[PDB]
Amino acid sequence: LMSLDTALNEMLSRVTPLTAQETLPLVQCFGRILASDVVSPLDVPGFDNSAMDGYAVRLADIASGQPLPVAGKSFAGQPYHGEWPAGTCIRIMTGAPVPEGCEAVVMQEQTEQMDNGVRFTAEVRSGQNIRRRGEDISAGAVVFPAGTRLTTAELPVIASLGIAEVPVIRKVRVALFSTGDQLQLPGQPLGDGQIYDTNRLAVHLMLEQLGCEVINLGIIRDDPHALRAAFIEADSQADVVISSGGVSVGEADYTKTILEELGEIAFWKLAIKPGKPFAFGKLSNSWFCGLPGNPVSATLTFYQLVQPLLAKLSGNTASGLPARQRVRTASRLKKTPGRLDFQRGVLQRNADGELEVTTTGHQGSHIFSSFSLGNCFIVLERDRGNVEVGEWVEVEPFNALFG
């Protein structure tokens, strides 16, 4: 009966962020998690500088209601270091250093030329239009906190501070396997009542795109000795171990009694569609997640449950799943109260540019193609029933795992 929301918090409350770190050049850090706060070695900007193209003025010389002749120029990398007579001003550009004694800067459009110099319109508050040493970042301060996922937004900032490498948390290692007589490897021919192993690929691909180190142990022979050996291998080299299918999620069999002999594992019945079963627990040196065999449920269950667990473990201080947005359906949606339903939709603009969702087609877990046709989940509240054109609907766009 249990809820998604309750399963999630149970999993995450049990889990401890990793802290082993390594130090890497900036070009190697995309998607990695900072292990320590980055601290600025210098001030930004270097020197007080002008915010506008215009004139630098003393405040005395302004109140004198008399046009100020231009003594000179200050640009980005030729300051004005001549002398500066009273009753004059200095031409200056944005980013140029303010010359000594400068109290304020006035936009060019906000003076006017006169025969005997420049005249100032508006009034002139002291310190105005000056960018002060360190107003953006001061030396000693924390530019980015530990726990930050590094991206093109942050790494060029770190490089402008002159820093070549930063310490980041090591990648989460995840071991992955499947099991079952029916499963064939892709390239052989399809036996008795047999299918191609797909889940293990979906999960391997998802893990790699999430930044994990993956140890794929293949399809394990349908035999308790082979399964135990697989678990001992997986557990000894990973932080998380994932059965992508065919280990029990509930049903009593030899796969279950080997799980119970190998750690504290709980088996859950979750109030979602598609999906329902999911196994989770500690082995001796790693967490375990067991997925149901159905691809859709396996893929949904991984994305909504395993993905957030991996984010917490990686050290990320961020909610590692796209946020939702309320939107109008252009489609009748069939839906059955009782279960939190992650349907799949297609999000696109109406002719006014506002966003709405069409369904992809049938929402049954006998086909995988709704992930490809879709670009989002329609997340229909647990107790809601059907849904008609024009109603209001929660929506989670697919992250990069689907595009």
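Start at 1 and count along the sequence shown; that's the residue number.
- Look at the mean CA B-factor for 147-155 and for 134-142 in the entry; the higher one is 134-142.
- Set 92-100 against 296-304 and average the Cα temperature factors; 92-100 ends up higher.
- Of the candidates 11, 18, 24, 395, the one whose C-alpha carries the top B factor in the deposited record is 11.
- Comparing C-alpha B-factors across 203, 234, 321, 166 in the deposited entry, the largest value falls on 321.
- Sorting the modelled residues of the chain by their CA temperature factor places residue 218 in the lowest third.
- Among the modelled residues of the chain, residue 79 sits in the highest third by CA temperature factor in this PDB entry.
- Split the chain's modelled residues into thirds by C-alpha temperature factor. Residue 332 is in the highest one.
- Residue 325: CA B factor in the middle third of modelled residues in this chain (values from the PDB entry).
- When the modelled residues of the chain are ordered by C-alpha B-factor, residue 274 sits in the middle third.
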